[PDB]
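Structure data follow from final_0.pdb (PDB, C-alpha atoms and all ligand atoms):
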ATOM      1  CA  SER A   1       2.154 -17.283 -10.337  1.00  0.00           C
ATOM      2  CA  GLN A   2       1.468 -20.912  -9.400  1.00  0.00           C
ATOM      3  CA  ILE A   3      -0.084 -19.774  -6.113  1.00  0.00           C
ATOM      4  CA  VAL A   4      -3.802 -19.098  -6.569  1.00  0.00           C
ATOM      5  CA  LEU A   5      -5.706 -16.897  -4.143  1.00  0.00           C
ATOM      6  CA  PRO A   6      -8.644 -18.423  -2.243  1.00  0.00           C
ATOM      7  CA  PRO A   7     -11.829 -16.422  -2.969  1.00  0.00           C
ATOM      8  CA  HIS A   8     -12.034 -14.979   0.560  1.00  0.00           C
ATOM      9  CA  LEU A   9      -8.428 -13.854   0.541  1.00  0.00           C
ATOM     10  CA  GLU A  10      -9.386 -12.504  -2.881  1.00  0.00           C
ATOM     11  CA  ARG A  11     -12.111 -10.110  -1.643  1.00  0.00           C
ATOM     12  CA  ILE A  12      -9.524  -9.103   0.905  1.00  0.00           C
ATOM     13  CA  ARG A  13      -7.073  -8.722  -1.978  1.00  0.00           C
ATOM     14  CA  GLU A  14      -9.032  -6.055  -3.837  1.00  0.00           C
ATOM     15  CA  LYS A  15     -10.146  -4.356  -0.608  1.00  0.00           C
ATOM     16  CA  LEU A  16      -6.579  -4.257   0.686  1.00  0.00           C
ATOM     17  CA  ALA A  17      -5.522  -2.954  -2.731  1.00  0.00           C
ATOM     18  CA  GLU A  18      -7.683   0.084  -2.058  1.00  0.00           C
ATOM     19  CA  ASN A  19      -6.163   0.108   1.427  1.00  0.00           C
ATOM     20  CA  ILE A  20      -2.717   0.032  -0.239  1.00  0.00           C
ATOM     21  CA  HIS A  21      -3.231   3.111  -2.386  1.00  0.00           C
ATOM     22  CA  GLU A  22      -4.533   4.773   0.774  1.00  0.00           C
ATOM     23  CA  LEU A  23      -1.350   3.777   2.643  1.00  0.00           C
ATOM     24  CA  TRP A  24       0.830   4.939  -0.247  1.00  0.00           C
ATOM     25  CA  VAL A  25      -0.694   8.422  -0.397  1.00  0.00           C
ATOM     26  CA  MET A  26      -0.526   8.559   3.395  1.00  0.00           C
ATOM     27  CA  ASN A  27       3.190   7.761   3.286  1.00  0.00           C
ATOM     28  CA  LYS A  28       3.473  10.529   0.686  1.00  0.00           C
ATOM     29  CA  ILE A  29       1.781  12.970   3.094  1.00  0.00           C
ATOM     30  CA  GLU A  30       3.869  11.728   6.045  1.00  0.00           C
ATOM     31  CA  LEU A  31       6.993  12.582   4.048  1.00  0.00           C
ATOM     32  CA  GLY A  32       5.856  16.213   4.182  1.00  0.00           C
ATOM     33  CA  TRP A  33       5.889  16.505   0.395  1.00  0.00           C
ATOM     34  CA  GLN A  34       4.156  19.135  -1.766  1.00  0.00           C
ATOM     35  CA  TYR A  35       1.546  18.793  -4.504  1.00  0.00           C
ATOM     36  CA  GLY A  36       1.845  20.628  -7.804  1.00  0.00           C
ATOM     37  CA  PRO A  37       0.852  20.593 -11.476  1.00  0.00           C
ATOM     38  CA  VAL A  38       3.999  18.945 -12.871  1.00  0.00           C
ATOM     39  CA  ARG A  39       5.552  15.605 -11.875  1.00  0.00           C
ATOM     40  CA  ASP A  40       9.046  16.836 -10.991  1.00  0.00           C
ATOM     41  CA  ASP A  41      10.988  15.837  -7.879  1.00  0.00           C
ATOM     42  CA  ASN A  42      13.667  18.509  -8.329  1.00  0.00           C
ATOM     43  CA  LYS A  43      11.173  21.386  -8.222  1.00  0.00           C
ATOM     44  CA  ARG A  44       9.469  19.476  -5.363  1.00  0.00           C
ATOM     45  CA  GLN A  45       5.912  19.155  -6.755  1.00  0.00           C
ATOM     46  CA  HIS A  46       3.901  16.016  -7.600  1.00  0.00           C
ATOM     47  CA  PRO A  47       0.120  15.715  -8.123  1.00  0.00           C
ATOM     48  CA  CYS A  48       0.261  12.126  -6.796  1.00  0.00           C
ATOM     49  CA  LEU A  49      -0.680  13.027  -3.212  1.00  0.00           C
ATOM     50  CA  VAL A  50      -4.475  13.226  -2.973  1.00  0.00           C
ATOM     51  CA  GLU A  51      -6.171  10.115  -4.343  1.00  0.00           C
ATOM     52  CA  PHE A  52      -5.790   7.157  -6.695  1.00  0.00           C
ATOM     53  CA  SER A  53      -7.777   8.738  -9.535  1.00  0.00           C
ATOM     54  CA  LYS A  54      -5.540  11.814  -9.423  1.00  0.00           C
ATOM     55  CA  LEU A  55      -2.763   9.330 -10.167  1.00  0.00           C
ATOM     56  CA  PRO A  56      -2.333   7.877 -13.647  1.00  0.00           C
ATOM     57  CA  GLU A  57      -4.652   4.891 -13.853  1.00  0.00           C
ATOM     58  CA  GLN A  58      -1.830   2.689 -15.149  1.00  0.00           C
ATOM     59  CA  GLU A  59       0.335   3.709 -12.178  1.00  0.00           C
ATOM     60  CA  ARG A  60      -2.508   2.911  -9.773  1.00  0.00           C
ATOM     61  CA  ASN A  61      -2.987  -0.450 -11.505  1.00  0.00           C
ATOM     62  CA  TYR A  62       0.719  -1.237 -11.145  1.00  0.00           C
ATOM     63  CA  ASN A  63       0.468  -0.285  -7.464  1.00  0.00           C
ATOM     64  CA  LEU A  64      -2.446  -2.710  -7.130  1.00  0.00           C
ATOM     65  CA  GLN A  65      -0.559  -5.464  -8.921  1.00  0.00           C
ATOM     66  CA  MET A  66       2.583  -5.062  -6.807  1.00  0.00           C
ATOM     67  CA  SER A  67       0.434  -5.245  -3.676  1.00  0.00           C
ATOM     68  CA  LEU A  68      -1.049  -8.407  -5.201  1.00  0.00           C
ATOM     69  CA  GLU A  69       2.474  -9.737  -5.794  1.00  0.00           C
ATOM     70  CA  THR A  70       3.486  -8.815  -2.235  1.00  0.00           C
ATOM     71  CA  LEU A  71       0.588 -10.799  -0.789  1.00  0.00           C
ATOM     72  CA  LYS A  72       1.357 -13.658  -3.181  1.00  0.00           C
ATOM     73  CA  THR A  73       4.877 -13.583  -1.718  1.00  0.00           C
ATOM     74  CA  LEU A  74       3.278 -13.706   1.732  1.00  0.00           C
ATOM     75  CA  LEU A  75       1.457 -16.845   0.542  1.00  0.00           C
ATOM     76  CA  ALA A  76       4.593 -18.298  -1.077  1.00  0.00           C
ATOM     77  CA  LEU A  77       6.485 -18.151   2.219  1.00  0.00           C
ATOM     78  CA  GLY A  78       3.554 -20.229   3.483  1.00  0.00           C
ATOM     79  CA  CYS A  79       1.567 -18.107   5.925  1.00  0.00           C
ATOM     80  CA  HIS A  80      -1.514 -19.928   7.179  1.00  0.00           C
ATOM     81  CA  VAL A  81      -4.587 -17.889   6.249  1.00  0.00           C
ATOM     82  CA  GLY A  82      -6.198 -16.447   9.362  1.00  0.00           C
ATOM     83  CA  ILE A  83      -9.031 -14.051  10.127  1.00  0.00           C
ATOM     84  CA  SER A  84     -10.038 -12.472  13.432  1.00  0.00           C
ATOM     85  CA  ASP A  85     -13.788 -11.997  12.944  1.00  0.00           C
ATOM     86  CA  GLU A  86     -16.348 -10.900  10.373  1.00  0.00           C
ATOM     87  CA  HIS A  87     -17.090  -7.608  12.148  1.00  0.00           C
ATOM     88  CA  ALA A  88     -13.423  -6.576  11.917  1.00  0.00           C
ATOM     89  CA  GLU A  89     -13.783  -7.050   8.146  1.00  0.00           C
ATOM     90  CA  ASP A  90     -17.200  -5.460   7.577  1.00  0.00           C
ATOM     91  CA  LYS A  91     -16.453  -2.389   9.732  1.00  0.00           C
ATOM     92  CA  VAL A  92     -12.879  -1.143  10.095  1.00  0.00           C
ATOM     93  CA  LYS A  93     -12.187   1.803  12.362  1.00  0.00           C
ATOM     94  CA  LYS A  94     -11.033   5.218  11.075  1.00  0.00           C
ATOM     95  CA  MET A  95      -8.478   6.992  13.258  1.00  0.00           C
ATOM     96  CA  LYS A  96      -8.448  10.770  12.891  1.00  0.00           C
ATOM     97  CA  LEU A  97      -5.156  12.680  12.740  1.00  0.00           C
ATOM     98  CA  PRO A  98      -5.001  16.471  13.249  1.00  0.00           C
ATOM     99  CA  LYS A  99      -5.913  18.797  10.402  1.00  0.00           C
ATOM    100  CA  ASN A 100      -2.220  19.377   9.661  1.00  0.00           C
ATOM    101  CA  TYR A 101      -1.727  15.669   8.866  1.00  0.00           C
ATOM    102  CA  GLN A 102      -5.251  15.291   7.431  1.00  0.00           C
ATOM    103  CA  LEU A 103      -5.213  14.187   3.804  1.00  0.00           C
ATOM    104  CA  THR A 104      -6.746  16.562   1.272  1.00  0.00           C
ATOM    105  CA  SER A 105      -8.918  13.691   0.037  1.00  0.00           C
ATOM    106  CA  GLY A 106     -11.860  12.323   2.003  1.00  0.00           C
ATOM    107  CA  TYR A 107     -10.033   9.184   3.133  1.00  0.00           C
ATOM    108  CA  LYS A 108      -9.208   8.516   6.776  1.00  0.00           C
ATOM    109  CA  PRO A 109      -5.777   9.943   7.716  1.00  0.00           C
ATOM    110  CA  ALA A 110      -4.707   6.389   8.625  1.00  0.00           C
ATOM    111  CA  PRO A 111      -6.426   3.000   9.072  1.00  0.00           C
ATOM    112  CA  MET A 112      -5.802   2.750  12.838  1.00  0.00           C
ATOM    113  CA  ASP A 113      -3.017   3.912  15.137  1.00  0.00           C
ATOM    114  CA  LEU A 114       0.065   1.736  15.615  1.00  0.00           C
ATOM    115  CA  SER A 115      -0.215   1.761  19.418  1.00  0.00           C
ATOM    116  CA  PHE A 116      -2.954  -0.861  19.799  1.00  0.00           C
ATOM    117  CA  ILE A 117      -1.322  -3.192  17.233  1.00  0.00           C
ATOM    118  CA  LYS A 118       1.961  -4.857  18.189  1.00  0.00           C
ATOM    119  CA  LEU A 119       3.298  -7.129  15.459  1.00  0.00           C
ATOM    120  CA  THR A 120       4.874 -10.417  16.499  1.00  0.00           C
ATOM    121  CA  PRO A 121       8.479 -11.304  15.539  1.00  0.00           C
ATOM    122  CA  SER A 122       7.116 -14.270  13.570  1.00  0.00           C
ATOM    123  CA  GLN A 123       5.688 -11.801  11.054  1.00  0.00           C
ATOM    124  CA  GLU A 124       8.524  -9.315  11.639  1.00  0.00           C
ATOM    125  CA  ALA A 125      10.904 -11.794   9.994  1.00  0.00           C
ATOM    126  CA  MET A 126       8.134 -12.416   7.441  1.00  0.00           C
ATOM    127  CA  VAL A 127       8.308  -8.724   6.445  1.00  0.00           C
ATOM    128  CA  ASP A 128      12.103  -8.971   6.253  1.00  0.00           C
ATOM    129  CA  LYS A 129      11.774 -11.835   3.772  1.00  0.00           C
ATOM    130  CA  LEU A 130       9.300  -9.684   1.840  1.00  0.00           C
ATOM    131  CA  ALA A 131      12.006  -7.004   1.758  1.00  0.00           C
ATOM    132  CA  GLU A 132      14.601  -9.378   0.320  1.00  0.00           C
ATOM    133  CA  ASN A 133      12.165 -10.675  -2.304  1.00  0.00           C
ATOM    134  CA  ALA A 134      11.104  -7.159  -3.338  1.00  0.00           C
ATOM    135  CA  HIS A 135      14.764  -6.144  -3.596  1.00  0.00           C
ATOM    136  CA  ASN A 136      15.412  -9.212  -5.764  1.00  0.00           C
ATOM    137  CA  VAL A 137      12.446  -8.333  -8.002  1.00  0.00           C
ATOM    138  CA  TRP A 138      13.772  -4.795  -8.442  1.00  0.00           C
ATOM    139  CA  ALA A 139      17.247  -6.205  -9.118  1.00  0.00           C
ATOM    140  CA  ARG A 140      16.014  -8.563 -11.847  1.00  0.00           C
ATOM    141  CA  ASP A 141      14.094  -5.619 -13.304  1.00  0.00           C
ATOM    142  CA  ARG A 142      17.374  -3.687 -13.434  1.00  0.00           C
ATOM    143  CA  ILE A 143      19.089  -6.729 -14.969  1.00  0.00           C
ATOM    144  CA  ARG A 144      16.419  -6.917 -17.683  1.00  0.00           C
TER     145      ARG A 144
HETATM  146  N1  LIG B 201       5.513   5.526  -7.872  1.00  0.00           N
HETATM  147  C1  LIG B 201       5.585   4.360  -8.522  1.00  0.00           C
HETATM  148  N2  LIG B 201       5.881   3.246  -7.815  1.00  0.00           N
HETATM  149  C2  LIG B 201       5.955   2.078  -8.457  1.00  0.00           C
HETATM  150  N3  LIG B 201       5.775   1.825  -9.754  1.00  0.00           N
HETATM  151  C3  LIG B 201       5.481   2.941 -10.429  1.00  0.00           C
HETATM  152  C4  LIG B 201       5.370   4.219  -9.907  1.00  0.00           C
HETATM  153  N4  LIG B 201       5.058   5.131 -10.903  1.00  0.00           N
HETATM  154  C5  LIG B 201       4.987   4.396 -11.986  1.00  0.00           C
HETATM  155  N5  LIG B 201       5.231   3.064 -11.774  1.00  0.00           N
HETATM  156  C6  LIG B 201       5.227   2.000 -12.774  1.00  0.00           C
HETATM  157  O1  LIG B 201       6.410   1.234 -12.618  1.00  0.00           O
HETATM  158  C7  LIG B 201       7.048   1.030 -13.898  1.00  0.00           C
HETATM  159  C8  LIG B 201       8.328   1.826 -13.957  1.00  0.00           C
HETATM  160  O2  LIG B 201       8.346   2.774 -12.869  1.00  0.00           O
HETATM  161  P1  LIG B 201       9.144   2.481 -11.538  1.00  0.00           P
HETATM  162  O3  LIG B 201       8.585   3.246 -10.406  1.00  0.00           O
HETATM  163  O4  LIG B 201       9.206   0.966 -11.334  1.00  0.00           O
HETATM  164  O5  LIG B 201      10.615   2.968 -11.902  1.00  0.00           O
HETATM  165  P2  LIG B 201      11.793   3.747 -11.170  1.00  0.00           P
HETATM  166  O6  LIG B 201      11.353   4.327  -9.885  1.00  0.00           O
HETATM  167  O7  LIG B 201      12.377   4.736 -12.179  1.00  0.00           O
HETATM  168  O8  LIG B 201      12.870   2.592 -10.964  1.00  0.00           O
HETATM  169  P3  LIG B 201      13.186   1.110 -11.474  1.00  0.00           P
HETATM  170  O9  LIG B 201      13.166   1.216 -13.003  1.00  0.00           O
HETATM  171  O10 LIG B 201      14.486   0.633 -10.926  1.00  0.00           O
HETATM  172  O11 LIG B 201      11.983   0.279 -11.014  1.00  0.00           O
HETATM  173  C9  LIG B 201       5.999   1.409 -14.937  1.00  0.00           C
HETATM  174  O12 LIG B 201       5.179   0.294 -15.268  1.00  0.00           O
HETATM  175  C10 LIG B 201       5.211   2.505 -14.221  1.00  0.00           C
HETATM  176  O13 LIG B 201       3.876   2.598 -14.704  1.00  0.00           O
END

Once you've parsed the file, please lay out its structure as structure tokens.
Ligand SMILES: Nc1ncnc2c1ncn2[C@@H]1O[C@H](COP(=O)(O)OP(=O)(O)OP(=O)(O)O)[C@@H](O)[C@H]1O
Amino acid sequence: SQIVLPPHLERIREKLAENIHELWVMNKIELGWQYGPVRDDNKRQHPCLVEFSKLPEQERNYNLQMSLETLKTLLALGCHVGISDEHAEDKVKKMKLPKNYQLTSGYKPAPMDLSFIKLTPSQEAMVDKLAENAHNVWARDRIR
């Protein structure tokens, strides 16, 4: 909470929050899950697969806030803020997946394919630390 976002990282915060609900629904569709009227895992139907508005707005807001907390954790571990270029921010590419893996909504099936992006071990350990901190947050939630 003591960490405050710089305004530029803050545009990127809301924009990547939209990117995060996109990634969440895309993980949901990568799981090969089914969409239905009722929110039951046992009968294997959930209407939380298509877009953010189809979700409960409070659930989407909590998704946004946990993405915000995840990037605040990224800041807390002390990552130096870096940006490639302004074009890579104004215009992001839209990879197309086949129709089978195409989302029912109008969003791009994924931001861009994992082949061209190789993530360095410096941030690989960074993600591990994110994993421990998220596990600790869930654990204190269970303790509460
Ligand atoms: N799919 C979701 N992922 C994360 N948070 C969610 C999700 N759906 C609802 N929430 C929000 O999270 C809170 C409780 O749901 P949550 O998913 O955290 O619980 P859970 O999966 O039953 O497990 P735990 O209580 O251990 O977190 C509420 O504020 C709720 O609005």

>> So that I can see what lies close to range 8-24 of chain A, please list as a count of residues only the residues with an atom at most 7 Å from it, counting only C-alpha atoms and leaving out residues fewer than 2 positions away in the same chain.
In response: 9

Residues matched by the PyMOL selection byres (((chain A and resi 133-138) around 12) and not hetatm) as a list in words: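 Matching residues under the PyMOL selection byres (((chain A and resi 133-138) around 12) and not hetatm) are residues 66, 67, 69, 70, 71, 72, 73, 74, 76, 77, 126, 127, 128, 129, 130, 131, 132, 139, 140, 141, 142, 143 and 144 of chain A.
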
To test the calculation: enclose all listed atoms of range 60-72 of chain A in a box whose edges run along x, y and z, add 3 Å on each side, then state centre and edge lengths in Å to one decimal, as lines of an AutoDock Vina configuration file.
center_x = 0.2
center_y = -5.4
center_z = -6.1
size_x = 12.5
size_y = 22.6
size_z = 16.7

CA of residue 112 in chain A and atom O4 of ligand LIG 201 (chain B), how far apart in Å?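 Separation between atom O4 of ligand LIG 201 (chain B) and CA of residue 112 in chain A: 28.5 Å.
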
If you count all atoms listed in the file, the residue of A:57, A:124, A:86, A:40 closest to ligand LIG 201 (chain B) turns out to be A:57

TODO: Go through the shown structure with the PyMOL selection byres (((chain A and resi 49) around 9) and not hetatm) and write out the matching residues as a ChimeraX atom specification.
DONE: /A:24-26,28-29,33-35,46-48,50-52,54-55,103-105

Answer key for the PyMOL selection byres (((chain A and resi 109) around 8) and not hetatm), residues as a list in words: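 Given this file, the PyMOL selection byres (((chain A and resi 109) around 8) and not hetatm) evaluates to residues 26, 94, 95, 96, 97, 101, 102, 103, 107, 108, 110 and 111 of chain A.
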
- Message: For a quick check of understanding, using only C-alpha atoms and all ligand atoms, which of A:61, A:84, A:123, A:53 has the smallest distance to ligand LIG 201 (chain B)?
- Response: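 When distances to ligand LIG 201 (chain B) are compared using only C-alpha atoms and all ligand atoms, the smallest one comes from A:61.
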
When you draw a straight line from CA of residue 60 in chain A to CA of residue 89 in chain A, how long is it in Å?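 If I compute the distance from CA of residue 60 in chain A to CA of residue 89 in chain A, I get 23.4 Å.
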
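Atom pair CA of residue 62 in chain A / atom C7 of ligand LIG 201 (chain B): separated by 7.3 Å.
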